[PDB]
Amino acid sequence: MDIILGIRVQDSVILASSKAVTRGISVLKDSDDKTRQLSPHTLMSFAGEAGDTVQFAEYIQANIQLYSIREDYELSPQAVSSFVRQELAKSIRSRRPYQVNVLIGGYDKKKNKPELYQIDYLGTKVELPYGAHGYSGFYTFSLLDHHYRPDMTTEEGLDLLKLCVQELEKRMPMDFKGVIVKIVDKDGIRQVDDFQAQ
Amino acid sequence: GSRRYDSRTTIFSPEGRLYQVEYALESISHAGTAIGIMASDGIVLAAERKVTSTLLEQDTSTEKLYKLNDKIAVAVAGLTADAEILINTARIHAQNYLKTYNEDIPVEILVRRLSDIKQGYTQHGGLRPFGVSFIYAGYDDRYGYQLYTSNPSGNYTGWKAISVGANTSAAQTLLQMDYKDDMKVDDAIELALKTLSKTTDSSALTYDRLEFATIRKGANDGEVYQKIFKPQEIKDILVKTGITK
Amino acid sequence: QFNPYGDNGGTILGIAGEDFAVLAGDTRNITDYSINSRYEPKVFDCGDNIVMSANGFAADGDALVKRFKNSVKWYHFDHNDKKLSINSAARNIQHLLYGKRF
Amino acid sequence: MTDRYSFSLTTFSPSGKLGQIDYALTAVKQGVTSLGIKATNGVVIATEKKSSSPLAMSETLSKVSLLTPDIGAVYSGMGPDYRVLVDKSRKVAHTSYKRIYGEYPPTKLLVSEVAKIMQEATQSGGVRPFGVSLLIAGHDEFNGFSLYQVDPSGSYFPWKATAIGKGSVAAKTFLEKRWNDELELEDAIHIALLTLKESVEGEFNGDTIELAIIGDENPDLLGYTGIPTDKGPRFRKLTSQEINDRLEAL
Amino acid sequence: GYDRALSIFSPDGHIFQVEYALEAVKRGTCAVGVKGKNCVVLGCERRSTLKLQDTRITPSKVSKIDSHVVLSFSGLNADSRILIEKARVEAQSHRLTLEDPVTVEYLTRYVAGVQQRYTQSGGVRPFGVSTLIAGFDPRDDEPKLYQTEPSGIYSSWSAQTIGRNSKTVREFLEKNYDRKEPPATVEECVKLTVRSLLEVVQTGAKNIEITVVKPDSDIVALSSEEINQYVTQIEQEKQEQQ
Amino acid sequence: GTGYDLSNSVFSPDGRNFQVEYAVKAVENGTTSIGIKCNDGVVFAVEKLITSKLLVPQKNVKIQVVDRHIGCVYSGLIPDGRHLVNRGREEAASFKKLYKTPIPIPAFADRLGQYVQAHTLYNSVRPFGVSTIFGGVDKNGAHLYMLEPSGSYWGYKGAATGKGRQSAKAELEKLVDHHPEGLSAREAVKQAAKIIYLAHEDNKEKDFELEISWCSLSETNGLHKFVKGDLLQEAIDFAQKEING
Amino acid sequence: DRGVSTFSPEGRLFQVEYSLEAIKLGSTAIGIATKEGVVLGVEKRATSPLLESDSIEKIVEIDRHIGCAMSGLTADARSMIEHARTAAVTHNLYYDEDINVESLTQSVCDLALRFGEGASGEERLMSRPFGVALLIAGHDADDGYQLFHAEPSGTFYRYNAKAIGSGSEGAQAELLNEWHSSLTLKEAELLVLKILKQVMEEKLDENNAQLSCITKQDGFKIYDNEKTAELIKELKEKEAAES
Amino acid sequence: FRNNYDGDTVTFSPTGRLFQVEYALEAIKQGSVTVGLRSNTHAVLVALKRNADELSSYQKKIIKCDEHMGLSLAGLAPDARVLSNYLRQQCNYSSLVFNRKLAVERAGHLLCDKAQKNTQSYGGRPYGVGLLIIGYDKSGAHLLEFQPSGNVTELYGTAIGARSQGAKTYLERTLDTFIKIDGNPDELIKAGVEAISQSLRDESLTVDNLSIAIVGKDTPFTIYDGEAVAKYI
Amino acid sequence: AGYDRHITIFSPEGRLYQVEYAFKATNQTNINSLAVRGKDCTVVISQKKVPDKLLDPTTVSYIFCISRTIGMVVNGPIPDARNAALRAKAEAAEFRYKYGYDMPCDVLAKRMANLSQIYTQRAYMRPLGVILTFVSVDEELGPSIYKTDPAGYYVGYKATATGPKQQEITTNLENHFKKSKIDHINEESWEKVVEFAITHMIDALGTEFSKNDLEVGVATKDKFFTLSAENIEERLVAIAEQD
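Chains as they are written, first to last, in PDB author numbering: chain g, 1 to 198; chain d, 2 to 246; chain e, 20 to 121; chain j, 1 to 250; chain n, 3 to 244; chain k, 5 to 249; chain m, 9 to 251; chain l, 2 to 234; chain c, 10 to 252.
Next comes the structure, spelled out in structure tokens:
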């Protein structure tokens, strides 16, 4: 039950996920990134049970890179969102149902618009400027679209996410132990590891 | 016996090539002539028919020329029954793409996938592949119009103007020197009708022996339109193009 | 239903001497209160000075130890009666028990 | 253990075609003569039944069967080759759109799936092809009636009035002489009698000539007096006396 | 289905499937390549004379495995692409397990391993396409060149090519080109490559295609204008009589 | 060439392929073994040709008795004979498994006929080269059925193999006129040694050894016995009593 | 032609008898098992002056205390790598020790020979039984150094000194008097290169051949090109001192 | 054309047999010459096994099953490392399940139909390896002569191989003397040594190439080699 | 290549060579029979020849009982005769408990013909050229005879026979069926119908037989039996008292 967040501004999208390795009595490492690095214009974040989430490694991206190797082209995140969820939905009626909460981000170069998606373990695909899973949506959704504006830039979106972190550092008993900032724009993925020291 | 009468035509023959390659081109020569043309406003696809009689009824009119996707057509040269197996089969593989990325499929995916179906018969299983040559015509948001042509040997070669069937080298010669980078719908049809007249032994050209289905860009809107022309409309094409017979 | 328990009891003591080895066990066989057999030695000989006796269900080890007696011979078939390693002699048993791990 | 022979049929011949196909049409030329016509008022399916023994009963042999109530069929060639297709195509058509939505598919795309299996018999290893060619008529939804010729390859032939069997060349020209936009249901029967019967010799009886019509629905063929959401089994076959009654008018 | 063996064992030791598999390469177009210091250059040609297509719409010999690895084969487009897609899955199979990019030598065996089962296990015939596997190792700028035979035999080389009359064309690089002193500038490998490409396809710039594999995930395809620059320099000092 | 020397899946003009005719010569090239059908039971006969002093008598028994109530014996090729033995014995326990009853002779004969005919229907499956002789006692009476190598079997009052059957028919037909139902079958045991002794005239090479395994309707009533001791040498001396030289 | 079921007039398979052609067409290799170590070597020759011998492996290693080589097609060579090396680890997976060279060969020969027309359980799909002559050598914890060989017939025989290849007819003939019980490691290093020089149609070079050895302590160790060239110089100095 | 009745497995020769057995019977002489016999409780197997070179050593055809039985085969052994090991597993399968000594009559009954199955079912070659199997039970020693034709029999002794017919017939007169002599297994082995001298018309007796096996009541099954046969040479 | 002596392919004459030998070999057994139908019953008579005293006459039969109401007439090779009999008996009990009604003539004749037509598709498995005739008495419709051809073609037969004399008896039966205009025998008392069929059989042969030299059976309503030695001899004697 980690705390995952994210926001899609006008020209780009920003994702922030908690960094912790914790099962139940203890915190192992202060930095844990649940995600994979896709093509520079596409990004995806992971949340859920730590057991099956880390098991991902290369599964979907192996087929995504297979197209990126063959045609040297990057598909839009909207088409990928209809794939990852398509495979996870078939697992419900299989022998071992999987529970994972995924956030599919990235940037579409065809229409020159950013895309961010929120998919739970029930296979629910949605296009939202924001996203959350579990208890991470209770202290956010009230403060997300309330102060959100379509013309908001990147600088105003960095402190907007930190504004919700202040509620997570008090109202939320669990500690996120740092996060990671990755913005996806027309240029590509820009990894910013400075949050508490920002 | 079983081992004595089995010559294994699938494995390597001492021609440097396979038994089933050269002889498959002969059946293509007996097949109707299908000349694909990719124009600026669309893709022109015209094919012939086998033994057009007086009481032969033309309603569906699609025999050697079909349409898979609404934006992507297909043309086959060879035995019709052998082609019909891989017509709906390519659609099943196409509908699986719709289930996958929920969008339009580029032609290049189904080109190599269907090429291994016939090639897999020679590779293993001891079966006989199909001697039917495939011609693919589709649209893309990157390269625009796409026109491809396959062969029973398992390869594929892209062509803007392609000709199969009888007089393959003769039909491609007339369209090679008459080719132009800018061709509209009416420009590419007049060049195809004059070529098909010399391919067969019939007198000039008739609408009953002409199987023609093409694609344009939009009808009421500006994108995504294709329609198979009825044989009644084919007769009106001869009047519009100014060529009666 | 199926009850993999039901052990008849018994106490065996493995003893590793200096130049020797002592494996001793009782011959008593009991079920609950009443006694089954007073003399029932469970100590067998697998060959090449390998003495393996179990404590537990009867047809588990008996179908194993006796099969392990032949399993030691499977090593000697291709090896032309080569002496089996005494340290790892029981290391193969863990792999044979993995088929029954379910 | 069974079916150890994986090798295909005869390979490419120097003529360019398959040798198994050319010999398949020989049984058609040596078989019974069949024909068909679409008058838009009905579909006349007629053929002949060759009896090699005087003790043979024509009531058991039926060359024109009913695959579906709206679709008739007739074959020219070996007799038993069609009976196996009856126990197959009907089971394949059962797995077809009949089970999928409400009804069997129309004759156009139903035969395409039926004839696809016939081509698989000419392809897969260890199976051998047939010697018969079937004429399958029917009634579609938007397109009305239908008539199609099926070679042993299985390519569909959307004809109007055609004839196959022994002496097909002579009997096909007669169908091209008299034609117009729409004929009568009764006139299409008399044309088949002046063609099929006069082209052959030795059988004058109506028991050896099997004729059936499509598009006529009798109220006794439904079986229920309930709401008639559909017309019914348009396929209808003349009896022994009804065939001879048409011969008296010619 | 088929329980027998499609391979024919010849009494003279040379398998008939192996003999006629090289003839498919002899019929196919030539693929020229040469190693280098920081990169590797792979050229090719085309059998078709009149070209109505584009290099972007129709791929022929262009295939990629890893980011720094680009494979170029010679032969049919059916059996060759089968080994390419399986190699890409195998390239992921090392990334799905070792989490590291596979080297060229271990990747070459997988291409030959599928052909190894063809020459051994029956029920399936071998292929006629020979491949030239050239790629870069992680944190290594030294390329590799392996000639993959249909019998599953690979060997290290420096300047090697397969195709129509490629053995005679390779003899030109056995003297002027030296493996002990490789060239430095990337364009120097092209000067020796263009001269070797004119001995088969001869006239025309359409069939001539040059694919230069460069490190840091870079693949540069030379155009027809840059190739003709070295063609003029061939007739400069050659036609002059000293 | 003729097609009957390789593939048995084709049809013969006379009804029997040449390949099946080759199995007939293997039956006559074996060891002579006969059978007895009378009112008191069914008696078999078997001989072992001694080619060297190294052979040990009273060891090899070609008679294979299914349980105690059904005997069987073959001739010629050993593996083709014993291959059918495992087919009947495995199904004998399968019969008593389902029905919990002993199997009668006619129920045992159909399992052999269907088993041999299945080998002749496939070219990839090899039939046998031997003839099967089986009998015993059931809840009805004495029955003797011999399975020919072609698969045909029907009612037999006697069986013959090895030396020509026409030579064995001489002494078998004479017992019908003397005893209509066969009467006492104990004397037939001595007659069996005499019939086998009749074939010893032309076939005499080295020393001979005779074994007898029988079953009775009266004495055994379904049980099984064996000839040994005084009964062993009594039947042997009877065959040599007629002709001493 | 026809199936494999047709035998020879001596009762042998055709693919087994005609497999001796591919043995001679391969490299010329002569193994020798001495009192000290076991000498291994092959012949690379050259297919072209531009051929590089660095990345080609004609001598593999199944385990540290043993060794292997190949002369023939490489298809049946690497097939045993997935088997013999697996069986060697399988022995350590169970009995956790060095497998006997006498037992390992018969254990491999069980997996080395599987073929036929077809079978459901076992895979008979392999046509030619062997097209390559594989060398089997190592050290036994009980007996000692053992030199074995994988024959194209699938059988195995104990060989004091084994010689394969095309020139094996003339090499093995004189090999009877060359091999002795007093032959040491250093004396056998220059003896193999002298015999291979007569079979080699070209000049002896570090890239034309590859040699190695099996040590009971350090294990299987290949000879580097710098070390291989030293044995070539020692041979030229020894041949000049023989007269 | 010979391969009509030979190369085909399902075909029938004009004599009724299969020509694949003819080439299989000849394979006995192509292999090593083996000799074996049995007398009452004790049975002796003396097998001479040649090699391809002076520096070459043979491979062991004899496979040890249990203490009360043994086996010695002639000719080649393509499948013997599998078939005989499968039969050796049946020897332990009979002891660990049926507990019986597995008399040679039952062991040869399954192998008789096992080689025939390859001829009955297309897709496989026959075996063609002669097997001489001996075993001991409460009824004494029992020898099993297994031909590639599926021969099932029992003999006091037999000799098969190349030019071994002379030593086979010469011992027929003394056969009754060898069976009546018990308690001296050394004289029984020396009786087989005389068969080796009579069966070799080319070379003399070897040392390491000679293999001798023996089975008995108290004496288990073992293979004599090296210094063990020094007294029998 | 092109010959049907092994592989089955279409012949240029329009008929398979296997179908030729199937039609060419019919009466090779050299035996005759006849099948006729009565009003409410069915009478079948088959010739029998036993030139041996060691043959049990109660064993050899060409008429087997499939169902309670179903008879059968088979002519051809003995081993292949029981191949279709054992399959028909297994299929008769299946149809009974499948669709809930006993095996009629229109089914068993179709299933065995379709099974024989599948053998035309399979070139590896041998078809059956044995003459097959399925006779029974239907409680609803009536008597029917379906003679299964080796090619799988069946049709309604009012009467049928075997051997080369089939056409000779047909001539005498066709004249009686032309004036009466009935396909079956409308006369009751099947005891006299058996003697009526023997009269047409004597005209073809010309000789008499004994009680065990003639296989005769009668298919009645809801019953099928086989005449014993006493019932057959009674009819051969009683027919002489009339004419």
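Where a beta carbon is used, it is the ideal one built from N, C-alpha and C, also for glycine.
- Here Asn4/l carries a helix assignment [DSSP, helix/strand/coil].
- Within chain j, the residues placing a beta-carbon under 8 Å from that of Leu80/d are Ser153, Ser155, ordered along the chain.
- Secondary structure at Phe174/j: helix, using DSSP grouped into helix, strand and coil.
- In this structure, the alpha-carbon of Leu187/k lies about 16 Å from that of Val141/k.
- When the alpha-carbon of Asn216/m is set against those of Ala248/m, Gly227/m, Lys229/m, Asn233/m, the nearest one is in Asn233/m.
- The beta carbon of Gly162/m sits closer than 8 Å to some beta carbon of chain l.
- For the pair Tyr149/k and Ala113/k, the CB atoms are nearer than the 8 Å cut-off.
- Under the three-state reduction of DSSP output, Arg20/k falls in the coil class, being neither helix nor strand.
- Within chain m, the residues whose beta carbon sits less than 8 Å from that of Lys101/e are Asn108, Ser111, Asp150, listed in sequence order.
- Pairwise C-beta distances place the region 104 to 115 of chain j in contact with the region 128 to 143 of chain j, as three or more of them are shorter than 8 Å.
- Interface criterion met: the Cβ of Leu97/l is under 8 Å from a Cβ in chain e.
- Pairing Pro153/d with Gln55/n, the inter-Cα distance amounts to about 20 Å.
- In this structure, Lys98/c sits near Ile75/c, with a CB-CB distance shorter than 8 Å.
- Inter-residue distance for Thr122/j and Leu9/j is about 7 Å (C-alpha atoms, whole angstroms).
- In the DSSP secondary-structure assignment, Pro114/g is bridged to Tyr107/g.
- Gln195/k sits in a helix when the DSSP states are folded into three classes.
- The region 11 to 47 of chain c is shown to contain whole beta strand (DSSP E) runs of 3 or more residues at 42 to 46, in chain order.
- Residues of the region 64 to 78 of chain g with a C-beta less than 7 Å from any C-beta of chain n: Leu66, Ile69, listed in chain order.
- Proximity of chain l to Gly133/k at the Cβ level (cut-off 8 Å) is accounted for by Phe13, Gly17, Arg18, in chain order.
- In the three-state DSSP reduction, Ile178/c falls in the helix class (H, G or I).
- About 20 Å separates the CB atoms of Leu163/g and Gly105/g; that is not less than 8 Å, and the two are not in contact.
- Membership of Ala40/e in the beta strand (DSSP E) is indicated by the continuous run 40 to 44.
- Counted as a single uninterrupted DSSP element, the stretch harbouring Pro97/g is not any alpha helix (DSSP H), since DSSP gives it neither H nor E.
- Neighbours of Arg4/j in chain k, taken as residues at a C-beta separation under 7 Å, are given in chain order as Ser128.
- Under the DSSP assignment, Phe176/g falls outside any beta strand (DSSP E); it carries neither an H nor an E label.
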